[PDB]
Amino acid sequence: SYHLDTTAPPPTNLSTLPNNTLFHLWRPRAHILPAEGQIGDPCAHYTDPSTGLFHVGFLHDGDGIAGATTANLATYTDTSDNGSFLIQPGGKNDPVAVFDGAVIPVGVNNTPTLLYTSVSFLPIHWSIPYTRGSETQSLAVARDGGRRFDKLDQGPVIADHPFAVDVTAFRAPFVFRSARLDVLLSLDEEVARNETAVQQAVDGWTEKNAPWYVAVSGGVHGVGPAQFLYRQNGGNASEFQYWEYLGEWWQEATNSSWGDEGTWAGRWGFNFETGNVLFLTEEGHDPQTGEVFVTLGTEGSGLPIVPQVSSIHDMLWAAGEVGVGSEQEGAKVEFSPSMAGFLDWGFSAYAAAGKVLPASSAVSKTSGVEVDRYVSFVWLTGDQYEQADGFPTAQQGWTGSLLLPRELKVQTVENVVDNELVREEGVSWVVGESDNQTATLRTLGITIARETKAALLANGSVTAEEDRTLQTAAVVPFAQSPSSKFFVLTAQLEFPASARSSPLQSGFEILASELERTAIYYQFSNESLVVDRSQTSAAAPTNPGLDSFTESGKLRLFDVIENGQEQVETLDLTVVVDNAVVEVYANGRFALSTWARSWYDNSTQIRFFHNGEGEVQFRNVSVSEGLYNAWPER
């Protein structure tokens, strides 16, 4: 009889253990995930007009959308027991399955209304023929406080994909409002060609009565990934039955990519998934003044292609402009990217679903936020999108988790030396201004929702480390490491301009003991933050299900003028470890998340790391231990 003892070597085959034996071993305490079982794409979030509460949704066990609510964005309550499902398959419109959907706060009967993909046939994949009628978009209305969504007793409101278009996918509807879209669609084909006339109309746009837009994510066979745009018919904010097709407002060539190298924004792949239409400002989210941003997952593959398998799942984002529908019979409106990147560089991070969080929300009132925010929840698949090599699933009793809620806004990088590092082609930023001597850059800002970050540091024990400099290769253990796998690690690493050309690697080793360690370091060679998981788990060698491949993401440190002086921009790191869930944040404009399934309880040492190449200076290194409980009621 083998009882779990994590002070002793792991059994050779974890999959032989009894059910639920590994339930708590790698489970997080401050993240969003169901009480048990598997979690898929997060979805149906919305602020309830009546209560001001923020509702969170997510696919659960491949059997529908489950939910939970929060009043503070730090802590959550399940909407119900027995899975806490809001809506499940089996209706006339979704006999086979219920996929992602989005909510209009004041919809039918003036109640929260969910527009979702009702599935009638399987399988569905961009690499095989699409079965007509596979995915339609249906409506359901929130009842009993939103603890459940009742499907309207009629067929889908969008019963078919675009006429005669051979789509690769037609799902994940996302609703939004837009001053610019309303203006571009109201003005003349000629009167709307000039920003002057438009801007004047946008200034008068009134959100409260604007019509809703719907972006359905997908692609076209033999053509390319794309987003299909619709809007309440005739621009009638009161029309919920008929949705006029505005065309493929955004499409890219099959497996093409941002830039000529596919260096900063992966590839557009073969199919677009779970779109979000954001409107960001430097302070938050404004559908009247915000710049158009889009986050989406793209499904890619190497060659030869393996039918029904998407080998690459990129969690991307793009920003650009929207204009009138060229002159061709193309979309009435068109989104043109100016810059693009990754919302999260994690292999397993994917299907981001966010929502506008009004300053009028109970969450914001309580925390005192006076602007509208856009909160995004990234999915962290637990079994490499079901391609894991026999992960001990029955033993764990659950699969997957969502990452920490993140605030998305326009982030600026000031006092940046305008040089090659800034003018490169196909990057994740644009120059907002310049005098040819220094410039302000504009990119997507990615930060942990402020109430969540505060909650993480609420009751945490704080242990600081003295500023340090390393020149020769070295691994220096902290003066005091945490005694648990729940902590927030912060640190600033300063590099000399002479390091850009060096094969320098500097960072930390975490979750470490004699037989285990996880490395996190910056690498100038390819300007990337890297998470070496080759030694993360003592159990990985004999259990291939526990992926141990290296994770990395691109992060360029710009030459800037800090105190009237030039220097390589400081690497501002924040690593959050809710157990096996590791999230690496950098300079408010980067995120890389992965699983670090360390085995031993002793594996909690933290060390400074330097490979002797180049030089590094560590400043303001600190550790907050304990985090907090995201689900008190459980």
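Here the rigid core means the biggest group of C-alpha atoms that line up within 1.5 Å when the two forms are laid on top of each other. Numbers follow the displayed sequence, beginning with 1.
Worksheet entry | Greater Cα displacement in 4 other deposited structures of this protein once the core is superposed, comparing 235 to 243 with 323 to 331 | After the core superposition, the stretch with higher RMS deviation in 4 other deposited structures of this protein is 323 to 331.
Greater mean Cα temperature factor according to the PDB record, 554 to 562 or 79 to 87 | On average, C-alpha B-factors are higher across 554 to 562.
Can you tell me which stretch has the higher mean Cα B-factor, 301 to 309 or 117 to 125?
So the stretch with the higher mean C-alpha B-factor is 301 to 309.
Per the PDB entry, maximal CA B factor within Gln137, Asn233, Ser461, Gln227: Of the options given, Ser461 has the highest CA B-factor in the PDB entry.
Most elevated Cα B-factor in the entry, residues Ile158, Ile510, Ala474, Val324: Of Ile158, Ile510, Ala474, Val324, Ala474 has the highest C-alpha B-factor.
query = Considering only modelled residues of the same chain, in which third does the CA B-factor of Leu402 rank: lowest, middle or highest?
reply = As the PDB entry reports it, the C-alpha B-factor of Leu402 lands in the lowest third of its chain.
- Task: Report the third (lowest, middle or highest) to which the CA temperature factor of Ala497 belongs, ranking only the modelled residues of the same chain.
- Result: Highest third - that is where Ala497 ends up once the chain's C-alpha B-factors are sorted.
**Prompt:** By its CA B factor, does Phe335 count among the lowest, middle or highest third of the modelled residues in the chain?
**Reply:** Highest third - that is where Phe335 ends up once the chain's C-alpha B-factors are sorted.
Relative to the other modelled residues of the same chain, rank the CA B-factor of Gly222 and answer lowest, middle or highest third.
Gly222: CA B-factor falls in the middle third of its chain.
**Asked** Which third of the chain does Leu444 land in by C-alpha B-factor: lowest, middle or highest?
**Response** For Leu444, whose C-alpha B-factor we compare with every modelled residue in the chain, the answer is the middle third.
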